[PDB]
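Everything below concerns the one structure shown next.
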Amino acid sequence: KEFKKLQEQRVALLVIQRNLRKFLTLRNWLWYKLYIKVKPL
Amino acid sequence: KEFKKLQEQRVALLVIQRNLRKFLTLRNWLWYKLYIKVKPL
Amino acid sequence: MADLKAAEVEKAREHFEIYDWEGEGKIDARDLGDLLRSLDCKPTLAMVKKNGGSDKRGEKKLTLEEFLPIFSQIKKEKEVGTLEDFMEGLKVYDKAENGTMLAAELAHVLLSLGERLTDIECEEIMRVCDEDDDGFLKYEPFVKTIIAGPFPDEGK
Amino acid sequence: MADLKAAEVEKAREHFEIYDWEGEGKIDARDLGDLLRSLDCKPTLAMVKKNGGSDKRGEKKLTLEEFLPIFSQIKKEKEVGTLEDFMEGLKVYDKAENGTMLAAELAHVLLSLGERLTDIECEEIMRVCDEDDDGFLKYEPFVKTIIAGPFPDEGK
Amino acid sequence: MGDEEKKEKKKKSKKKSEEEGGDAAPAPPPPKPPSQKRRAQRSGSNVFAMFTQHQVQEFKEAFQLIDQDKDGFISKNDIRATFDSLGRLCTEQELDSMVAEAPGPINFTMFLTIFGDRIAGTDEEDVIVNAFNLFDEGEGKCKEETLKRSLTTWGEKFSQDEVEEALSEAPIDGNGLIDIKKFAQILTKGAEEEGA
Amino acid sequence: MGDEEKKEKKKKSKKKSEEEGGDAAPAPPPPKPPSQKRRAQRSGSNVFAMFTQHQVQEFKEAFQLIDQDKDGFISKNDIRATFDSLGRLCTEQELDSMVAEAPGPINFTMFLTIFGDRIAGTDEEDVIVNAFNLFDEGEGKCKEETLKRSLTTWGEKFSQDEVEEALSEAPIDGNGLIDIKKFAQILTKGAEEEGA
């Protein structure tokens, strides 16, 4: 019954693995973020 | 009532059209006021 | 009554324009039925089928140009009916001393008189207050929403 | 069940990517038992050791290839939904069979014999069945409740 | 009205605001009584101040089409002509819209009562649910994507460019632009892309 | 001013009015407009749902001032002035990452489009966030203990304090760290701010 929580995690594991690679890719390719705070112009 | 398409569909569809013929124009006006929440602006 | 006059032609164009939706000026065969009824010729279902109409799904499309040499025949022998007659008639049933009408009861008296109400129309008379407690109409907003038609066009 | 089905292999390829946190494959030892339990095979801790698998953390881990002979040994033996010594394993304090046993001896005999599990589950075998003040609580419905199951079939 | 007839009473009905040149004739016949004129034009009357903003710049964006001259007071139909075809985006028929947002020649002085006459204009305020709403069989608010639909399936036919443009230019609120906002468009929600 | 309002605006702003002009009459980038503020102007430049939904920059997806309020230019030396303060840490290689998007500070017309239509890397903010939020156990989780050993025997090599400092910023909740806050440092709300 709990394996249900884990069964929707089978596709989710495939998303965090590409995203961890993009944690370093977009840190060599910055100017791809900027969202509301006090720094925008 | 129970044709299911010739009922109150018609009156609306004609006013719908009266906007559709000019949908590019009539979705704005002389002064563009949208600067709030637009896909590129 | 009335003969062929500008006012009737307008009445017929107006009902027709409601009855389309395609924007192509074509109404189906079956719609000849209720067009003629709205025009106040008071046909029976026989008169509809006489004019190749239907009480089933359409078979073919009619332009107004077909419909009108049917219609200029239909006008002969008709009563345009009064309004005040149906009010006076329906005042006869009461349920509060205010001209109020239980829905089942109003279907049943029609059923059992005349050419006799079908299964479907008694469901339609009933429809408003369906399947709850049965279920009270009032004569004045009843007749009036029927004759006016439910959105012939409005400014709101 | 009593034999491997083709869909239990097709189920196990999908659920392989769950067990390894990467979305790859490598069955965790406690999640060894969760795969057999989502494929209708629910051995004991002493039957797991006979098949050569696992159902708890710290035990051998395997890959899905290696999972098929382990899974196939349970099918040949009990616990795939077979009946013998479930609701046949209860009652011995009553020499009457009314399909009932004592309330007191239906919650502290699973705790004084058995592999021994939670006091909450000891309270579910008492909850599924009827209650009377004659001291007669049924044993035989909590088991059939398990036959009904979350899924009688292959979990998902 | 027969086949032929509803071609004719686009050009012949034409009950303001519908008396506009069109895309291939203006709006499809309203039925014979003139109730529905009110959904052809709505008009309010609140005037809003000029030079109070700093999105006031907008009047300079429109300017050229409505002021050929450098201190304006040009010809009085030229608002009603040119601005139609690329001012507040492409495709002409902006005739009566323009004659109801300008009460004679527009210029920087005159701007208070055009900015104000935006809110009078055509199909401005007088917010009502039922108008578009009754299409989808009275079920949920009748928004953008069903209008596009209707234009390629039913109803009278008009230039497809304007519609595909209009969807793309949407702000997005998530249920699109409801009938409320289709009227109340002056106060929030406008367009993107080329022009004015 | 006037019809020559457009003809003076190319001399008022000229970082993009001498790079792209009118298509219906020489004017600044749009087909005719004299002013069109800090808008994305003509056509699209971004349709949202690719990395941002509520932020726009004058080189992210839009243009600077073609107005008589002179240039609005936002440098790439301003992006370097974000990493110096609040935003992603001060690192010298990120100021080299700015040369990697295009050398030094640079004028924009077809640069604002490239990045505005760039969906490369991490995707949409709700798409990236949602992954384990289709089930919930601590608000969605990824089991923290099983993922670290799969990120030091294989996969990316992060130590056992680097899987706490570069894969986590959420405490174990649901028999795993919250996946919401883990996605956050990768994209939006912890990946921010990469300027301007």
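Each chain in the structure tokens gets a letter, A, B and so on, in the order shown; residues start at 1 in every chain, and ligands are counted from 1 in the order they appear.
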From a DSSP calculation on the backbone, collect every residue of chain E in alpha helix (DSSP H) and output the set as a VMD selection string. chain E and resid 5 to 11 37 to 40 58 to 62 95 to 98 112 to 115 130 to 133 144 to 153 160 to 168 179 to 183
Any chance you could dump chain A, least-squares fitted to chain B on all C-alpha atoms in order, as an mmCIF file with N, CA and C atoms, in the first residue's frame?
```cif
data_model
loop_
_atom_site.group_PDB
_atom_site.id
_atom_site.type_symbol
_atom_site.label_atom_id
_atom_site.label_comp_id
_atom_site.auth_asym_id
_atom_site.auth_seq_id
_atom_site.Cartn_x
_atom_site.Cartn_y
_atom_site.Cartn_z
ATOM 1 N N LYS A 1 -34.514 17.691 -27.381
ATOM 2 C CA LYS A 1 -33.887 17.701 -26.073
ATOM 3 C C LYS A 1 -32.476 18.300 -26.216
ATOM 4 N N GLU A 2 -31.817 17.926 -27.321
ATOM 5 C CA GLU A 2 -30.525 18.468 -27.678
ATOM 6 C C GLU A 2 -30.549 19.883 -28.199
ATOM 7 N N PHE A 3 -31.754 20.331 -28.642
ATOM 8 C CA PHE A 3 -32.005 21.615 -29.215
ATOM 9 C C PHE A 3 -31.971 22.624 -28.146
ATOM 10 N N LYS A 4 -32.005 22.245 -26.908
ATOM 11 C CA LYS A 4 -31.749 23.030 -25.726
ATOM 12 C C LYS A 4 -30.281 23.684 -25.608
ATOM 13 N N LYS A 5 -29.290 22.940 -26.028
ATOM 14 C CA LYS A 5 -27.850 23.210 -26.101
ATOM 15 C C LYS A 5 -27.666 24.184 -27.192
ATOM 16 N N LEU A 6 -28.586 24.084 -28.161
ATOM 17 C CA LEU A 6 -28.544 24.940 -29.322
ATOM 18 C C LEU A 6 -29.325 26.167 -29.132
ATOM 19 N N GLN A 7 -30.228 26.180 -28.131
ATOM 20 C CA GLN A 7 -31.172 27.284 -27.908
ATOM 21 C C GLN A 7 -30.407 28.274 -27.056
ATOM 22 N N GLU A 8 -29.530 27.832 -26.190
ATOM 23 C CA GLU A 8 -28.683 28.809 -25.460
ATOM 24 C C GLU A 8 -27.532 29.323 -26.311
ATOM 25 N N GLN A 9 -27.362 28.758 -27.517
ATOM 26 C CA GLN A 9 -26.354 29.147 -28.497
ATOM 27 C C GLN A 9 -26.840 30.247 -29.381
ATOM 28 N N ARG A 10 -28.152 30.541 -29.384
ATOM 29 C CA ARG A 10 -28.787 31.631 -30.192
ATOM 30 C C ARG A 10 -28.333 33.027 -29.697
ATOM 31 N N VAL A 11 -28.205 33.210 -28.395
ATOM 32 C CA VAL A 11 -27.713 34.456 -27.963
ATOM 33 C C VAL A 11 -26.166 34.479 -28.068
ATOM 34 N N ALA A 12 -25.434 33.351 -28.061
ATOM 35 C CA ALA A 12 -24.019 33.219 -27.950
ATOM 36 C C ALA A 12 -23.340 33.569 -29.277
ATOM 37 N N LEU A 13 -24.080 33.399 -30.419
ATOM 38 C CA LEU A 13 -23.689 33.600 -31.760
ATOM 39 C C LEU A 13 -23.561 35.010 -32.063
ATOM 40 N N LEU A 14 -24.367 35.829 -31.394
ATOM 41 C CA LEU A 14 -24.408 37.294 -31.418
ATOM 42 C C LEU A 14 -23.244 37.849 -30.636
ATOM 43 N N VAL A 15 -22.583 37.091 -29.745
ATOM 44 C CA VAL A 15 -21.470 37.612 -29.000
ATOM 45 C C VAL A 15 -20.150 37.343 -29.741
ATOM 46 N N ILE A 16 -20.060 36.133 -30.385
ATOM 47 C CA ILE A 16 -18.835 35.843 -31.122
ATOM 48 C C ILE A 16 -18.706 36.673 -32.406
ATOM 49 N N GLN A 17 -19.805 37.192 -32.981
ATOM 50 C CA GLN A 17 -19.753 37.977 -34.213
ATOM 51 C C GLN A 17 -19.230 39.363 -33.965
ATOM 52 N N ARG A 18 -19.340 39.995 -32.750
ATOM 53 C CA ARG A 18 -18.919 41.308 -32.467
ATOM 54 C C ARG A 18 -17.442 41.299 -32.049
ATOM 55 N N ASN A 19 -17.069 40.157 -31.470
ATOM 56 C CA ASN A 19 -15.833 39.798 -30.926
ATOM 57 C C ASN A 19 -14.795 39.481 -31.976
ATOM 58 N N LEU A 20 -15.246 38.949 -33.122
ATOM 59 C CA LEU A 20 -14.378 38.732 -34.244
ATOM 60 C C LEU A 20 -13.985 39.976 -34.923
ATOM 61 N N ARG A 21 -14.890 40.980 -34.834
ATOM 62 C CA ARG A 21 -14.591 42.324 -35.393
ATOM 63 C C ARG A 21 -13.602 43.014 -34.517
ATOM 64 N N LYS A 22 -13.625 42.883 -33.192
ATOM 65 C CA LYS A 22 -12.807 43.379 -32.117
ATOM 66 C C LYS A 22 -11.525 42.607 -32.069
ATOM 67 N N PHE A 23 -11.363 41.507 -32.828
ATOM 68 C CA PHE A 23 -10.097 40.830 -32.905
ATOM 69 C C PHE A 23 -9.121 41.575 -33.729
ATOM 70 N N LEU A 24 -9.624 42.434 -34.680
ATOM 71 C CA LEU A 24 -8.843 43.232 -35.559
ATOM 72 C C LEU A 24 -8.905 44.680 -35.090
ATOM 73 N N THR A 25 -9.997 45.126 -34.416
ATOM 74 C CA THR A 25 -10.080 46.530 -34.012
ATOM 75 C C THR A 25 -8.967 46.852 -32.967
ATOM 76 N N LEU A 26 -8.749 45.988 -31.943
ATOM 77 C CA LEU A 26 -7.902 46.138 -30.790
ATOM 78 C C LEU A 26 -6.414 45.811 -31.167
ATOM 79 N N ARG A 27 -6.126 45.603 -32.497
ATOM 80 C CA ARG A 27 -4.866 45.278 -33.140
ATOM 81 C C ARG A 27 -4.462 46.386 -33.993
ATOM 82 N N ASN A 28 -5.100 47.546 -33.744
ATOM 83 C CA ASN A 28 -4.899 48.787 -34.377
ATOM 84 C C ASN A 28 -5.007 49.819 -33.233
ATOM 85 N N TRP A 29 -5.516 49.308 -32.064
ATOM 86 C CA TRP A 29 -5.790 50.041 -30.888
ATOM 87 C C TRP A 29 -5.282 49.340 -29.654
ATOM 88 N N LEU A 30 -4.018 48.806 -29.731
ATOM 89 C CA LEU A 30 -3.333 47.941 -28.796
ATOM 90 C C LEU A 30 -2.922 48.804 -27.570
ATOM 91 N N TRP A 31 -2.726 48.141 -26.419
ATOM 92 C CA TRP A 31 -2.517 48.739 -25.122
ATOM 93 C C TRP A 31 -3.923 48.796 -24.532
ATOM 94 N N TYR A 32 -4.392 47.518 -24.439
ATOM 95 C CA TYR A 32 -5.785 47.251 -24.030
ATOM 96 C C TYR A 32 -5.811 45.855 -23.467
ATOM 97 N N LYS A 33 -4.639 45.249 -23.441
ATOM 98 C CA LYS A 33 -4.337 43.926 -22.908
ATOM 99 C C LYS A 33 -3.001 44.113 -22.211
ATOM 100 N N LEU A 34 -2.731 43.109 -21.383
ATOM 101 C CA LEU A 34 -1.552 43.038 -20.512
ATOM 102 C C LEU A 34 -2.206 42.298 -19.387
ATOM 103 N N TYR A 35 -1.636 41.167 -19.021
ATOM 104 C CA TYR A 35 -2.157 40.314 -17.980
ATOM 105 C C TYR A 35 -0.855 39.619 -17.535
ATOM 106 N N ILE A 36 -0.938 38.907 -16.398
ATOM 107 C CA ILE A 36 0.171 38.295 -15.725
ATOM 108 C C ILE A 36 0.979 37.415 -16.682
ATOM 109 N N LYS A 37 2.281 37.499 -16.737
ATOM 110 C CA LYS A 37 3.221 36.607 -17.365
ATOM 111 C C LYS A 37 4.508 37.166 -16.761
ATOM 112 N N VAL A 38 5.596 37.147 -17.505
ATOM 113 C CA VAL A 38 6.859 37.657 -17.112
ATOM 114 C C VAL A 38 7.153 39.088 -17.642
ATOM 115 N N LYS A 39 6.402 39.652 -18.650
ATOM 116 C CA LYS A 39 6.685 41.002 -19.214
ATOM 117 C C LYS A 39 6.220 42.171 -18.390
ATOM 118 N N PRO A 40 5.239 42.297 -17.474
ATOM 119 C CA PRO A 40 4.872 43.577 -16.825
ATOM 120 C C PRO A 40 5.930 44.317 -16.025
ATOM 121 N N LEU A 41 5.729 45.652 -15.843
ATOM 122 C CA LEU A 41 6.550 46.437 -14.988
ATOM 123 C C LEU A 41 5.805 47.024 -13.746
#
```
Chain F least-squares fitted onto chain E over all paired C-alpha atoms, as a tab-separated table (two decimals) with C-alpha atoms, in the first residue's frame:
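Saved file superposed.tsv follows:
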```
chain	number	residue	atom	x	y	z
F	1	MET	CA	-26.92	79.33	-36.77
F	2	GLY	CA	-30.55	78.95	-35.66
F	3	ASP	CA	-32.79	76.55	-37.69
F	4	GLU	CA	-30.12	76.70	-40.30
F	5	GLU	CA	-27.57	75.58	-37.57
F	6	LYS	CA	-28.29	72.05	-38.74
F	7	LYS	CA	-27.98	73.10	-42.43
F	8	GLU	CA	-24.38	74.35	-41.89
F	9	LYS	CA	-23.30	71.38	-39.90
F	10	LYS	CA	-23.63	69.10	-42.93
F	11	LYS	CA	-20.97	71.41	-44.61
F	12	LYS	CA	-18.79	71.32	-41.39
F	13	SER	CA	-18.70	67.60	-41.00
F	14	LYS	CA	-19.49	65.38	-43.92
F	15	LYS	CA	-18.04	61.92	-43.51
F	16	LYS	CA	-21.35	60.80	-42.11
F	17	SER	CA	-23.60	63.76	-42.53
F	18	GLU	CA	-23.75	62.96	-46.39
F	19	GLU	CA	-24.24	59.32	-45.75
F	20	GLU	CA	-27.09	59.56	-43.17
F	21	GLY	CA	-29.24	62.57	-42.38
F	22	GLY	CA	-32.21	63.66	-40.13
F	23	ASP	CA	-35.62	61.94	-40.02
F	24	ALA	CA	-37.54	64.99	-38.84
F	25	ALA	CA	-35.85	67.65	-40.80
F	26	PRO	CA	-32.49	67.56	-42.81
F	27	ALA	CA	-29.76	67.62	-40.19
F	28	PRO	CA	-26.63	65.49	-39.61
F	29	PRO	CA	-27.38	61.70	-38.69
F	30	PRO	CA	-29.81	62.33	-35.71
F	31	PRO	CA	-33.42	63.46	-36.53
F	32	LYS	CA	-32.59	67.11	-36.07
F	33	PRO	CA	-29.45	67.96	-33.91
F	34	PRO	CA	-26.89	70.40	-35.22
F	35	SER	CA	-24.06	69.11	-32.89
F	36	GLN	CA	-24.04	65.77	-30.91
F	37	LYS	CA	-20.29	65.45	-30.32
F	38	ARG	CA	-18.54	62.11	-30.65
F	39	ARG	CA	-21.77	60.29	-29.48
F	40	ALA	CA	-23.21	57.02	-31.00
F	41	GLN	CA	-26.05	59.41	-31.85
F	42	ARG	CA	-29.41	58.09	-33.07
F	43	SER	CA	-30.56	54.58	-31.72
F	44	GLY	CA	-28.04	52.06	-30.22
F	45	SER	CA	-24.85	50.91	-31.78
F	46	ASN	CA	-23.74	48.69	-28.86
F	47	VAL	CA	-25.43	47.71	-25.57
F	48	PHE	CA	-22.26	46.47	-23.89
F	49	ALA	CA	-21.73	42.91	-22.50
F	50	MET	CA	-20.16	41.65	-25.83
F	51	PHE	CA	-16.38	42.33	-25.71
F	52	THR	CA	-16.00	45.70	-23.95
F	53	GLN	CA	-17.75	47.58	-21.07
F	54	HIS	CA	-15.54	50.59	-20.57
F	55	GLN	CA	-14.06	51.66	-23.87
F	56	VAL	CA	-15.72	53.13	-26.94
F	57	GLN	CA	-14.03	54.33	-30.20
F	58	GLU	CA	-15.48	56.42	-33.04
F	59	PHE	CA	-15.75	53.52	-35.15
F	60	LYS	CA	-16.11	50.76	-32.59
F	61	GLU	CA	-19.58	51.91	-31.61
F	62	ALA	CA	-19.92	55.60	-32.25
F	63	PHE	CA	-19.53	58.45	-34.65
F	64	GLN	CA	-17.02	61.35	-35.09
F	65	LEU	CA	-17.78	65.11	-34.49
F	66	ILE	CA	-20.78	66.38	-36.49
F	67	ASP	CA	-19.81	69.68	-34.76
F	68	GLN	CA	-18.35	73.01	-35.97
F	69	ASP	CA	-15.10	71.57	-34.56
F	70	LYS	CA	-14.76	69.98	-38.09
F	71	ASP	CA	-14.13	66.32	-38.74
F	72	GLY	CA	-12.93	64.02	-35.95
F	73	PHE	CA	-12.11	61.03	-38.33
F	74	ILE	CA	-10.12	58.21	-36.87
F	75	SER	CA	-8.31	56.28	-39.73
F	76	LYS	CA	-7.67	52.57	-40.00
F	77	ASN	CA	-4.00	53.79	-40.58
F	78	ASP	CA	-4.18	54.81	-36.92
F	79	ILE	CA	-4.88	51.13	-35.98
F	80	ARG	CA	-1.75	50.28	-37.94
F	81	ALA	CA	-0.04	52.97	-35.84
F	82	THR	CA	-0.88	51.06	-32.63
F	83	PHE	CA	0.56	47.61	-33.62
F	84	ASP	CA	3.83	49.64	-34.56
F	85	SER	CA	4.09	50.64	-30.82
F	86	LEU	CA	2.19	49.51	-27.76
F	87	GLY	CA	-0.38	46.86	-28.36
F	88	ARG	CA	-0.23	43.58	-30.24
F	89	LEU	CA	3.24	42.97	-31.85
F	90	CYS	CA	4.36	44.60	-35.04
F	91	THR	CA	3.23	42.25	-37.73
F	92	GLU	CA	2.47	43.13	-41.38
F	93	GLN	CA	-0.34	40.61	-41.75
F	94	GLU	CA	-2.27	42.41	-38.93
F	95	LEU	CA	-2.06	45.57	-41.28
F	96	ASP	CA	-3.61	43.25	-43.82
F	97	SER	CA	-6.15	42.24	-41.19
F	98	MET	CA	-7.22	45.91	-41.31
F	99	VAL	CA	-8.00	45.58	-45.09
F	100	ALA	CA	-9.89	42.39	-44.12
F	101	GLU	CA	-12.30	44.43	-41.92
F	102	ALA	CA	-12.90	46.85	-44.74
F	103	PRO	CA	-10.16	48.14	-47.27
F	104	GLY	CA	-7.80	51.00	-46.25
F	105	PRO	CA	-8.94	53.86	-44.06
F	106	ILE	CA	-12.74	54.07	-44.35
F	107	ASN	CA	-15.60	56.44	-43.46
F	108	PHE	CA	-18.06	55.10	-40.93
F	109	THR	CA	-21.84	55.19	-40.39
F	110	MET	CA	-22.89	51.45	-40.74
F	111	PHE	CA	-19.45	50.11	-39.95
F	112	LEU	CA	-19.47	51.41	-36.42
F	113	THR	CA	-22.68	49.38	-36.00
F	114	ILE	CA	-21.36	46.09	-37.46
F	115	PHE	CA	-18.42	45.92	-35.06
F	116	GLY	CA	-20.48	47.52	-32.24
F	117	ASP	CA	-23.00	44.66	-32.37
F	118	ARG	CA	-20.24	42.03	-33.25
F	119	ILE	CA	-20.08	39.42	-30.57
F	120	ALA	CA	-18.21	36.95	-33.06
F	121	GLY	CA	-15.06	35.38	-31.62
F	122	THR	CA	-14.37	35.66	-27.83
F	123	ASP	CA	-17.39	36.99	-25.96
F	124	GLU	CA	-17.92	39.31	-23.01
F	125	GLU	CA	-15.03	40.13	-20.70
F	126	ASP	CA	-16.58	38.71	-17.58
F	127	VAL	CA	-18.05	35.73	-19.52
F	128	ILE	CA	-14.74	34.67	-21.07
F	129	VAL	CA	-12.79	35.24	-17.81
F	130	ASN	CA	-15.16	33.22	-15.69
F	131	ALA	CA	-15.04	29.49	-16.48
F	132	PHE	CA	-12.83	28.04	-13.84
F	133	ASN	CA	-13.62	30.89	-11.43
F	134	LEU	CA	-16.71	29.05	-10.20
F	135	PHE	CA	-14.36	26.97	-7.98
F	136	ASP	CA	-11.00	28.24	-6.78
F	137	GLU	CA	-7.67	26.55	-6.34
F	138	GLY	CA	-4.96	29.23	-6.98
F	139	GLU	CA	-7.65	31.66	-8.05
F	140	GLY	CA	-9.30	29.18	-10.45
F	141	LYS	CA	-7.01	26.91	-12.50
F	142	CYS	CA	-6.85	24.57	-15.43
F	143	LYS	CA	-4.34	21.65	-14.69
F	144	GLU	CA	-1.34	22.70	-16.80
F	145	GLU	CA	0.18	19.21	-17.27
F	146	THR	CA	-2.94	17.50	-18.56
F	147	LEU	CA	-3.83	20.19	-21.14
F	148	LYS	CA	-0.53	20.33	-22.94
F	149	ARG	CA	-0.56	16.60	-23.98
F	150	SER	CA	-4.04	17.17	-25.17
F	151	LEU	CA	-2.64	20.03	-27.30
F	152	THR	CA	0.11	18.18	-29.07
F	153	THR	CA	-1.34	14.67	-29.63
F	154	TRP	CA	-4.63	16.13	-30.79
F	155	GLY	CA	-6.18	19.59	-30.86
F	156	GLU	CA	-3.98	22.62	-31.72
F	157	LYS	CA	-0.29	21.81	-32.12
F	158	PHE	CA	1.78	23.84	-29.76
F	159	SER	CA	5.23	22.49	-28.81
F	160	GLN	CA	6.33	22.05	-25.21
F	161	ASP	CA	7.67	25.65	-24.99
F	162	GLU	CA	4.76	27.03	-27.01
F	163	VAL	CA	2.32	25.73	-24.31
F	164	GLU	CA	4.50	28.10	-22.05
F	165	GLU	CA	4.54	30.94	-24.69
F	166	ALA	CA	1.02	30.77	-26.17
F	167	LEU	CA	-1.23	29.18	-23.58
F	168	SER	CA	0.44	30.33	-20.44
F	169	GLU	CA	1.78	33.50	-18.75
F	170	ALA	CA	0.62	32.27	-15.22
F	171	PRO	CA	2.82	30.08	-12.92
F	172	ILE	CA	1.35	26.83	-11.58
F	173	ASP	CA	-0.72	27.74	-8.56
F	174	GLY	CA	-3.38	25.22	-7.34
F	175	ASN	CA	-1.95	22.31	-9.39
F	176	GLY	CA	-2.47	24.25	-12.60
F	177	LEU	CA	-1.79	27.66	-14.06
F	178	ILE	CA	-4.09	30.39	-13.25
F	179	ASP	CA	-6.90	30.46	-15.63
F	180	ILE	CA	-7.44	34.27	-15.21
F	181	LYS	CA	-4.17	35.29	-16.86
F	182	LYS	CA	-4.56	32.56	-19.56
F	183	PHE	CA	-7.86	34.08	-20.57
F	184	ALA	CA	-6.29	37.49	-20.51
F	185	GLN	CA	-3.91	37.08	-23.50
F	186	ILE	CA	-6.92	35.75	-25.57
F	187	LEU	CA	-9.15	38.67	-24.68
F	188	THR	CA	-8.59	41.93	-22.78
F	189	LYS	CA	-5.32	42.65	-20.97
F	190	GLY	CA	-2.93	40.86	-23.20
F	191	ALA	CA	-5.11	40.72	-26.32
F	192	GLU	CA	-5.20	44.48	-26.14
F	193	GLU	CA	-4.50	46.73	-28.05
F	194	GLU	CA	-5.96	46.10	-31.65
F	195	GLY	CA	-6.63	49.93	-32.00
F	196	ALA	CA	-7.38	52.70	-32.64
```
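Of note, atom CA of residue D:41 and atom CA of residue D:57 are spaced 18.1 Å apart.
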* What lies within 9 Å of residue D:82 using only C-alpha atoms, ignoring chain neighbours under 4 positions off, as a PyMOL selection string? -> chain D and resi 1-2+78
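Between atom CA of residue C:16 and atom CA of residue C:58 there is a distance of 15.5 Å.
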Backbone DSSP call of strand (DSSP E) for stretch 10-131 of chain C, listed as a PyMOL selection string:
chain C and resi 27-28+61-62+100-102
